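In: Just the structure for this:
(one chain, ligands or ions: 2)
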Amino acid sequence: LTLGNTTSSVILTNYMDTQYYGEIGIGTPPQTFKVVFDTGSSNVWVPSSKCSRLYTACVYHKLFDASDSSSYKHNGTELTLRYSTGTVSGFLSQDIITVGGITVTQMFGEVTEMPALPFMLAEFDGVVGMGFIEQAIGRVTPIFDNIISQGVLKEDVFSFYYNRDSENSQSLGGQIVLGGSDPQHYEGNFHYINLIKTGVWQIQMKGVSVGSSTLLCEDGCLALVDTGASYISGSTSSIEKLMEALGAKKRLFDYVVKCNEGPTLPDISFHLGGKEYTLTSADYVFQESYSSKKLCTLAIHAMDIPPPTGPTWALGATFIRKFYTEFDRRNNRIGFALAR
Ligand SMILES: COCCCOc1ccccc1N1CCN(C[C@H](N)[C@@H](O)C[C@H](C(=O)NCC(C)(C)C(N)=O)C(C)C)CC1=O
Ligand SMILES: *[C@@H]1O[C@H](CO)[C@@H](O)[C@H](O)[C@H]1NC(C)=O
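Out: Numbering: from 1, shown residues only. Ligands and ions are numbered 1, 2, ... in the order given. Provided below are the atomic coordinates:
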């Protein structure tokens with residue numbers, strides 16, 4: 001492992017506190033794409049020009065055209081990525097990718113089949129897997145690894161900062177520091193937890209308390225810190241007990257509560273090996289109103305993840321927003337600190 005003396009930041013755009021994306025450039029000349037930096041997976045992909053326009057999601061997002069890249073290197077082996085919430089398919093390709101000033105020859109997925117749900121709701125075009133190689137589908141080297149190979153980054157780590165306020169222009173959407181963290185965005189000290197197993201940014205969780213009565217994950221469980229996730233997710237089982245306590249009505253894809261109830265929901269705590277991470281009503285409630293006549297939605301939906309990774313809670317944006325996260329690849333641990 002060769003460490004240099006370079007740090008790289010990627011500015012992120014925040015769309016409704018549900019989508020955080022930055023921009024990368026694939027090919028020569030560069031073709032810019034809006035992508036999500038996802039610690040939940042390890043593959044890089046963007047919609048391809050070779051994608052049937054019968055997929056409206058491809059008609060609504062920027063496509064990569066290898067024919068216009070002089071650095072494109074063909075490979076073409078089939079590729080299918082199955083996420084807990086969707087699936088994309090296409091073939092492998094290689095080209096130079098630019099991210100935060102860094103330029104690395106990456107091997108990405110050229111998606112030719114992207115279904116409306118969910119990507120038709122995506123404000124971005126693709127995904128950049130920030131997970132380990134063990135999870136990389138097709139055994140393709142993840143992009144952070146290739147960059148770590150350049151022996152330029154000061155540290156074999158990368159941090160995420162998701163801003164609370166979304167739209168307001170003036171404010172910084174979000175930020176990712178490649179090779180370390182940005183102390184200007186957190187306070188107090190970091191606190192780490194070791195990864196249960198490597199290859200996956202998943203840590204052990206001692207319990208989940210709703211208010212005063214730790215009525216969840218009493219026998220401990222797993223929390224996967226998914227930066228490419230909007231909410232905090234748990235097994236349908238867990239979320240039912242959780243929602244019963246908040247008195248939330250179970251709608252099709254999320255839970256709600258009469259907007260006036262919001263300010264009265266108790267604090268929710270996650271005991272992540274060492275400290276107790278607490279969220280308050282405002283931290284997980286979309287208080288877009290205060291009347292009994294309207295519905296407010298919670299930023300904690302239920303979602304079951306297939307083994308060998310699941311079942312598991314996934315701590316996404318809802319959580320990150322309050323706690324600046326550091327992903328340490330060298331000591332295989334995640335550091336948490338109070339984002340400011
Ligand atoms: C900050 O951005 C907020 C997220 C916004 O979400 C969206 C909005 C509209 C359309 C797409 C999405 N995304 C983002 C990417 N994502 C990826 C997802 N995070 C996966 O990484 C989850 C992960 C998984 O299934 N891995 C894939 C598999 C199974 C191939 C692997 N590497 O293990 C689990 C384990 C949490 C799924 C997803 O909806
Ligand atoms: C694609 O990449 C793999 C991985 O090294 C390689 O073995 C394969 O031959 C490539 N596909 C071709 C032949 O373009």
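In: which residues touch residue 226?
Out: Counting by Cβ atoms under 8 Å, 6 or more residues apart in numbering, residue 226 makes contact with 38-40, 201, 314-316. To be clear about C-beta, it is placed using only N, CA and C from the backbone, and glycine gets the same treatment.
In: Between which two of those residues is the distance greatest?
Out: 38 and 315 (13.5 Å; Cβ to Cβ).
In: just the contacts of residue 226 now: which is nearest residue 143?
Out: Using Cβ to Cβ, residue 38 is the member of those that lies nearest residue 143, at 11.0 Å.
In: ok so, going back, which one (most neighbours) among the contacts of residue 226?
Out: Counting neighbours by other Cβ atoms under 10 Å, residue 315 leads the contacts of residue 226 with 29 neighbours.
In: Tell me how many other residues crowd whichever residue of the chain sits closest to ligand 2.
Out: Of all residues in the chain, residue 75 sits closest to ligand 2, at 3.7 Å by Cβ to the nearest ligand atom. Residue 75 has 13 neighbouring residues, counting by other Cβ under 10 Å.
In: Let me know whether it touches residue 95 as I believe.
Out: No. Residue 75 is beyond contact range of residue 95, at 10.5 Å (criterion: Cβ atoms under 8 Å).
In: Within range of ligand 1, give me the residues from the stretch 51-200 of the chain.
Out: By Cβ under 6 Å from any ligand atom, the residues of the stretch 51-200 of the chain that approach ligand 1 are 81-86, 118-119, 121-122, 127, 131, 135, 137.
In: could those residues go into JSON lines alongside neighbour count, secondary structure and distance to residue 289?
Out: As requested, these are exported to JSON lines (neighbours: other Cβ atoms under 10 Å; DSSP: H, G, I helix; E, B strand; the rest coil; distance: Cβ to Cβ, whole Å):
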{"residue": "81", "neighbour count": "19", "secondary structure": "strand", "distance to residue 289": "37"}
{"residue": "82", "neighbour count": "12", "secondary structure": "strand", "distance to residue 289": "37"}
{"residue": "83", "neighbour count": "15", "secondary structure": "strand", "distance to residue 289": "31"}
{"residue": "84", "neighbour count": "17", "secondary structure": "coil", "distance to residue 289": "30"}
{"residue": "85", "neighbour count": "15", "secondary structure": "coil", "distance to residue 289": "27"}
{"residue": "86", "neighbour count": "15", "secondary structure": "strand", "distance to residue 289": "30"}
{"residue": "118", "neighbour count": "13", "secondary structure": "coil", "distance to residue 289": "25"}
{"residue": "119", "neighbour count": "24", "secondary structure": "helix", "distance to residue 289": "29"}
{"residue": "121", "neighbour count": "11", "secondary structure": "helix", "distance to residue 289": "22"}
{"residue": "122", "neighbour count": "20", "secondary structure": "coil", "distance to residue 289": "26"}
{"residue": "127", "neighbour count": "27", "secondary structure": "strand", "distance to residue 289": "33"}
{"residue": "131", "neighbour count": "24", "secondary structure": "coil", "distance to residue 289": "37"}
{"residue": "135", "neighbour count": "16", "secondary structure": "helix", "distance to residue 289": "40"}
{"residue": "137", "neighbour count": "15", "secondary structure": "helix", "distance to residue 289": "42"}
